[PDB]
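Accompanying notes for the structure given below.
To find a chain, count down the sequence lines: A is the first, B the second, and so on, and within it residues start at 1. Computed from heavy atoms alone, side chains included, the values below leave out hydrogens, waters and symmetry copies.
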Amino acid sequence: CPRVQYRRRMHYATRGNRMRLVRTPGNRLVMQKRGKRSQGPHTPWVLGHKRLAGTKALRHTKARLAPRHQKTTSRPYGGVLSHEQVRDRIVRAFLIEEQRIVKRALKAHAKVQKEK
Amino acid sequence: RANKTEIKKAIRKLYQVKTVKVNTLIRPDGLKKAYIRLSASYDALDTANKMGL
Amino acid sequence: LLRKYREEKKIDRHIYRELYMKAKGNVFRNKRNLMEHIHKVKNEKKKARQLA
Amino acid sequence: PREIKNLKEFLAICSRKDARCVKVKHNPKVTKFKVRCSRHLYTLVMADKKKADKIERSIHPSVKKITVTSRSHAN
Amino acid sequence: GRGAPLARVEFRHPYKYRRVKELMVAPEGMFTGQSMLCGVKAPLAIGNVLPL
Amino acid sequence: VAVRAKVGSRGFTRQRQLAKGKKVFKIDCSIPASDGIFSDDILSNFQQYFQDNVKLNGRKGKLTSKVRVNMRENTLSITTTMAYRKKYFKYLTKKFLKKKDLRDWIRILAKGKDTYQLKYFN
Amino acid sequence: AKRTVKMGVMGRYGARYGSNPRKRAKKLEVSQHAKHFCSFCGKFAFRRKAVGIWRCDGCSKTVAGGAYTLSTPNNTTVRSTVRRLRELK
RNA sequence: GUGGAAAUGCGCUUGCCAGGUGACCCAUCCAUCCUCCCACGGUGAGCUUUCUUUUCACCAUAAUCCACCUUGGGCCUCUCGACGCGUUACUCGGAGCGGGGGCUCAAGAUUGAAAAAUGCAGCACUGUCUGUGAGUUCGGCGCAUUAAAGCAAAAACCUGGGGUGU
RNA sequence: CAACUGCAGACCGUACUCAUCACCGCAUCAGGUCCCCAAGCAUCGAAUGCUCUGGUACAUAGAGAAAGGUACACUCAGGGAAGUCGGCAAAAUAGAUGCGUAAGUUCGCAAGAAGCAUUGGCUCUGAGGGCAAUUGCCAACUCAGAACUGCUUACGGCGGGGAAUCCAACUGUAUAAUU
RNA sequence: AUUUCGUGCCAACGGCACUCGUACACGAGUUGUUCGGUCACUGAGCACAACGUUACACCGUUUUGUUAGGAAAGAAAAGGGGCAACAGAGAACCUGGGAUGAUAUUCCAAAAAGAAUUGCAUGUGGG
RNA sequence: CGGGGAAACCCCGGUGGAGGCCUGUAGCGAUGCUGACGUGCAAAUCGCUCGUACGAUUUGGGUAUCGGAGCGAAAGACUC
Ligand SMILES: [K+]
Ligand SMILES: [Mg+2]
Ligand SMILES: [Mg+2]
Ligand SMILES: [Mg+2]
Ligand SMILES: [Mg+2]
Ligand SMILES: [Mg+2]
Ligand SMILES: [Mg+2]
Ligand SMILES: [Mg+2]
Ligand SMILES: [Mg+2]
Ligand SMILES: [Mg+2]
Ligand SMILES: [Mg+2]
Ligand SMILES: [Mg+2]
Ligand SMILES: [Mg+2]
Ligand SMILES: [Mg+2]
Ligand SMILES: [Mg+2]
Ligand SMILES: [Mg+2]
Ligand SMILES: [Mg+2]
Ligand SMILES: [Mg+2]
Ligand SMILES: [Mg+2]
Ligand SMILES: [Mg+2]
Ligand SMILES: [Mg+2]
Ligand SMILES: [Mg+2]
Ligand SMILES: [Mg+2]
Ligand code: NA
Ligand code: NA
């Protein structure tokens with residue numbers, strides 16, 4: 001029986017203009033706008049587009065007013081990388097530096113040994 | 001060409017009343033109309049009688 | 001039905017896997033068809049175990 | 001709207017000097033005290049009929065208190 | 001509009017504290033994560049850029 | 001649903017019953033007994049009219065004494081342990097009123113739980 | 001060959017476009033939709049995504065390959081030539 | 001600043017650099033809100049030559065906030081697998097399946113404040129409900145399929161690397 | 001720096017219409033004009049027919065079997081294309097289910113090829129599930145079968161088929177107003 | 001672009017009729033911190049400045065990171081100033097009303113019928 | 001998932017839902033009656049019938065190319 005009308009002043013069904021049907025305490029059926037949804041923080045696109053854990057998906061106004069720990073974790077590269085990618089960088093930093101130290105010593109020792 | 005803030009200040013100077021809201025519209029014939037709500041401490045009927053309405 | 005029998009341990013993981021692929025393979029017509037097959041398989045296992 | 005949990009929280013709120021009025025609602029089997037401060041309406045719900053009167057008489061005389069009743073169109 | 005895939009390569013700026021991103025036509029066998037060497041003293045491998 | 005139905009069982013239906021029992025419905029005729037609109041004879045057949053017309057388990061006229069109709073002090077009280085709708089006795093009262101040609105003189109309303117009364121209107 | 005005797009994947013074209021044009025396109029259509037061996041992780045998981053772009057489901061690597069097949073016979077010859085010329089120094 | 005072995009939880013400021021949201025609209029399947037039927041009940045009208053525990057109408061809860069069981073996904077830990085888990089469906093696993101215990105994201109559910117003081121129908125007062133089935137693109141499978149067809153951009157905002165301060 | 005509190009929150013649009021009468025066609029013209037919401041029954045159904053809510057009785061009317069007309073109206077004995085440049089127009093087939101289906105072929109099709117049978121009403125039977133402790137309670141209409149009984153072949157909606165020759169491979173475009 | 005509303009009116013007009021009217025006359029009606037737009041984004045694109053050409057600017061270039069032989073920044077930073085979307089991006093408010101003749105997520109007054117959310121400055125308490 | 005086979009490999013039944021695929025609404029068109037009208041409802045319309053209807057598809061707003069010129073799946077088509 002009931003049929004509804006747009007209540008704001010845009011009458012086109014686009015992705016940014018989506019409505020839900022609501023019954024009021026006065027026994028009426030009206031249109032109420034439901035907002036857009038964000039996808040939330042992600043890892044960098046070149047490293048795979050993976051959704052981060054411990055972070056909420058908030059729109060522009062909600063993200064500004066939210067507490068800080070709702071968008072981050074308390075570890076290095078908190079709201080940017082995942083725990084697998086943080087481990088890769090730490091291992092890469094230590095192991096590669098070790099090879100440079102080892103190969104520098106070998107080159108110096110071989111030169112001294114050759115000269116004598 | 002007047003705005004709401006200027007209208008509110010002009011009313012107090014002319015009639016010595018304090019307002020709480022001003023609403024304006026531009027009529028189809030080009031004139032501008034304003035609805036002015038006075039504070040509860042001031043009687044709109046008393047002011048209109050003094051004006052001569 | 002197959003998930004319930006595995007949970008209740010009336011069936012084991014070896015028979016469950018074999019019957020799972022046969023159900024997807026259009027072997028059992030309805031629930032009664034599956035149940036009679038399970039009893040037939042279980043009875044044969046009893047005979048083999050008692051022979052061991 | 002916010003809910004007060006215990007009495008000592010209610011006494012602080014009712015003494016905040018920001019309360020315009022206190023509305024008392026006499027529901028069946030419960031009584032509610034609704035304190036109208038700025039930006040928020042704080043409510044305190046009591047399931048015990050007695051000592052709900054005690055709070056009503058022991059409220060600050062300075063603050064305005066009203067009994068909520070059913071008003072008609074002409075009322 | 002183009003038949004050949006393109007590659008995004010990332011370098012360091014020689015003189016400033018920033019990163020430079022380039023876009024080139026990709027040779028066959030190029031993969032993500034590969035190291036590109038450009039210059040006179042670069043070795044002879046697929047995907048490297050050398051003087052003729 | 002679970003059991004497919006048959007035409008042979010159409011005539012009879014299960015009445016169902018209450019666990020606690022002793023549910024009473026009252027119809028009050030104090031307003032027209034106050035005036036001369038009603039009569040003692042009309043009250044007498046009113047007792048009989050409800051007695052033979054109220055159905056039980058799909059059949060009418062045979063009461064297993066689980067439904068009691070007796071009325072006292074110008075109030076017809078039905079006491080039963082079988083499930084019933086309060087609206088049913090309002091429907092039966094309307095049938096009686098029409099048969100006696102009094103539909104335009106008496107209207108029936110409800111006060112509370114299991115109570116009906118007859119009043120005039122103007 | 002239960003559903004179709006010889007048309008194969010080209011059975012979606014009905015009775016249009018001619019038998020020999022359909023045969024020529026069938027060979028390249030099959031390999032373009034096949035799964036190719038990944039040398040980085042040892043899985044048959046390479047699939048095409050737009051012409052010349054291949055992505056592995058296992059290790060999530062992307063490789064520049066050839067149109068309708070992961071590696072072309074000309075590429076195999078080139079890799080051997082370059083390896084020999086590098087070893088020559 | 002700080003808690004936990006871990007997933008990760010709880011409570012000063014940014015010349016420069018780096019990421020993210022914005023941001024990309026799906027057949028099929030499942031599905032909220034919603035409306036459409038049934039079963040039970042309350043209220044009011046309708047038909048009644050004869051039948052009809054019967055026909056019709058109504059039975060409503062806005063935004064915002066507090067506290068914290070279902071479904072789907074990601075991950076940690078213990079026990080470390082060749083056969084095993086799983087979809088209607090074209091999958092997957094020593095580059096770590098499955099089972100026990102956990103951390104987290106999304107969509108819902110539940111208790112409460114708002115809020116009966118409102119709304120509806122009958123005549124000052126009365127009544128003021130829940131459970132099933134079908135349909136329906138919010139959301140999910142970051143989804144199949146043609147592709148020599150394969151991500152519009154930017155403002156604004158968010159987090160971190162360094163540095164400063166305590 | 002997080003709470004609370006006090007004060008202040010500028011400008012323009014806002015009536016009505018959106019069409020068998022409010023716009024464009026000289027007009028209140030059977031033409032044209034983008035978007036959202038969309039009930040019940042029959043039924044595969046946004047087909048087609050009828051209906052609750054909402055909306056309308058506004059389009060010059062009255063009397064009234066001349067001929068000849070137009071029609072989104074029909075029927076005709078016997079024959080059955082003899083009519084005509086030409087089966088033009090009309091008639092005709094028709095849903096669903098079971099069986100059955102040729103030449104030719106690029107092996108995909110041709111194909112609903114062609115053709116045969118059944119179908120109403122009423123009273124029953126069987127199969128296809130869920131949850132709690134073998135029992136109890138509960139939900140959805142689909143399919144198959146039987147006895148009895150009847151026909152005046154009885155809404156709407158819904159392919160006529162076959163054998164060949166010429167041309168163009170195919171889907172598509174294209175002389176708004178004679179191709 | 002006043003056809004909306006009330007009261008009156010029947011000369012002409014609504015191809016018949018009118019006591020009716022979107023006709024005629026006289027008076028009324030459109031209320032926003034949150035709705036749409038500007039403020040305040042880029043796109044297909046446009047073309048001020050600068051330069052060049054033309055007897056003559058009323059011509060050409062002006063987004064493939066981007067003007068101009070080019071000194072266009074008022075503590076380092078290369079590449080002038082703008083416009084173009086009322087269906088793309090962006091966007092802090094919801095119900096009830098006995099509140100109209102005509103407006104309402106725009107009106108309601110101290111029990112605001114009320115319940116909220118957000119932008120500026122202030123003041124207190126923690127400091 | 002079942003069969004057959006020494007191998008190479010070959011068969012049945014399900015599932016799945018492809019296609020400038022088919023019947024058919026809305027939409028987009030315009031074959032026949034050489035029907036109606038032909039001082040018309042209309043300076044091209046009306047009625048039945050008919051083509052297509054997931055694609056080289058239909059459509060709103062914005063933007064870009066014009067008179068010795070523009071644009072054209074090409075008809076001397078169209079450019080108020
Ligand atoms: K044929
Ligand atoms: Mg305004
Ligand atoms: Mg093994
Ligand atoms: Mg093993
Ligand atoms: Mg585990
Ligand atoms: Mg409209
Ligand atoms: Mg018209
Ligand atoms: Mg049916
Ligand atoms: Mg229909
Ligand atoms: Mg229709
Ligand atoms: Mg004849
Ligand atoms: Mg002749
Ligand atoms: Mg014909
Ligand atoms: Mg044949
Ligand atoms: Mg047939
Ligand atoms: Mg052709
Ligand atoms: Mg023509
Ligand atoms: Mg006239
Ligand atoms: Mg917009
Ligand atoms: Mg706005
Ligand atoms: Mg077709
Ligand atoms: Mg003609
Ligand atoms: Mg010619
Ligand atoms: Na076609
Ligand atoms: Na541009």
Partners meeting side chain to side chain contact (heavy atoms under 4.5 Å, CB included) with G/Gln32 (sequence neighbours left out):
G/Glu29, G/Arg48, G/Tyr68
Testing the basics here: between E/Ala45 and G/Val82, what is the closest heavy-atom pair and its distance to 0.1 Å?
CA-CG1, 4.3 Å
Identify which part of G/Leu70 has an atom lying under 4.5 Å from any heavy atom of chain E, answering side chain, backbone, both or neither.
backbone
Counting heavy atoms not belonging to G/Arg86, are there more than 12 under 6.0 Å from its CZ?
yes
Any side-chain heavy atom of E/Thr32 sitting closer than 4.5 Å to one from G/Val63?
no
How about G/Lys49: does its NZ atom have over 12 heavy atoms from other parts shown lying under 6.0 Å from it?
yes
Might you point out which heavy atoms bring E/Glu28 and G/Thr72 nearest each other, and give the distance in Å?
OE2-OG1, 2.8 Å
Measure the SG-CZ distance between G/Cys56 and E/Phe31 for me, rounded to the nearest 0.5 Å.
13.0 Å
Can you give me the closest heavy-atom contact between G/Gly52 and E/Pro5, atom names plus distance?
O-CG, 3.6 Å
Look up atom CZ in G/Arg84 and atom CG in E/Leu44, then write down how far apart they are to the nearest 0.5 Å.
11.0 Å
Take atom CG in G/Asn74; do more than 12 heavy atoms of anything else shown fall under 6.0 Å from it?
no
